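The structure tokens that follow cover one protein chain in two forms, given apart as structure 1 and structure 2.
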Structure 1
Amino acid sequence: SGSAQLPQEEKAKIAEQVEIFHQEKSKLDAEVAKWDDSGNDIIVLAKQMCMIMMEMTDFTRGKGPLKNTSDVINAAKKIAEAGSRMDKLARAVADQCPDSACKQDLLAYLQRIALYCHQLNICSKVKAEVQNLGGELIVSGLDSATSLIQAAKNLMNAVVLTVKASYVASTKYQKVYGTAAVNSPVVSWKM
């Protein structure tokens, strides 16, 4: 077989990066716990994106339904689709919002999501090459999964702050126009 395992240093580097990712997913479960799902697709989408980023982390330690690079490339494209639908929703929430400090906070978090979705797309290549460098034949791109996790941790972080900022933007819309406002709030926040 022309196959070998990743070197222990990189395996440990992978593992320590997946715990960092689990802390941020903890935060996401905490935040979404509080809220009923019906009438809130921001919450549903955040859960979907977390579900997939879970397949992607599992991949890097040897578990989950992701088997080859094109699986990982596929996962990243789903996350980006779900993020794009989150952007549309949250954007609409920001347009109802009358408090500009919170309108602008929400819109800024949407930039982070677009950015980290992009970087997740790039990193999902987990590309590996043989290279003739420095007088030796070497394999490079062994950290390609370490960079994949750090993209997911960053995206996971931005999603949490985006859900929080969508809720704040919502309370300010109701604060100003009331729960009988002629136009209903874009998403509902119940328990």
Structure 2
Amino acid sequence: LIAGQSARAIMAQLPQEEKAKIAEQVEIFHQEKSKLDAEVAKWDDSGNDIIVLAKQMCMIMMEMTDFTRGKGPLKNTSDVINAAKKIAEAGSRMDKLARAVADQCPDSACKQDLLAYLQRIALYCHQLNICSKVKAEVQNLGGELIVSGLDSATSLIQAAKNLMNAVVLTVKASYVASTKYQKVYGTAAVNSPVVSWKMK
């Protein structure tokens, strides 16, 4: 018929071999995403923006990886680039909250883990941006022109997985830091905790 010429449509018709390798890599990302599904389900995001943000970031990352399989709401490469900017704004906001939480944390070692994770978020947000220009491209394989999108895809996906892991680790670790605050100063502490960890 009259096939689409959009970037998304093109990714959808990559050579089978490459679609296979991309699925392998998407799976690995999916595994790291379920750990986030698991941890995020525990709680009720009212009064906890860290959780909301983590959900937003998860969602936008799903769109980005879907793009590489030729699916999802992102049509053009510029949409993927924009998606990556959204994630970075989100990640920056979270950074403001989690940093507040560590500034309540009185257990200097618990403060540690949250801070180190926070900089992984900055780092992989960044690398996600750098890797966001995903596009099939023309290549020359021994005098034969082919179309490949594998490397561009896998680069994005890896950055997405790495980011996901850092988000999970940041959600967990900021929870732990919140408890260490409550354990020490009790629910009747004058300064209420930065985020509320309700269980619903």
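Each form is matched to the other, and the largest set of C-alpha atoms that superpose within 1.5 Å is called the rigid core. Start at 1 and count along the sequence of structure 1; that gives the residue numbers used here.
K.L.:
Once the rigid core is lined up, just say which one of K34, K164, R61, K127 has a C-alpha that travels 2 Å or more between structure 1 and structure 2.
P.N.:
The residue that shifts is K127.
K.L.:
Superposing on the rigid core, is the CA of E19 displaced by 2 Å or more between structure 1 and structure 2?
P.N.:
No, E19 moves less than 2 Å.
K.L.:
With both forms fitted on the core, how large is the C-alpha shift of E136 between structure 1 and structure 2 in Å?
P.N.:
Looking at the C-alpha of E136 between structure 1 and structure 2, the offset is 8.2 Å.
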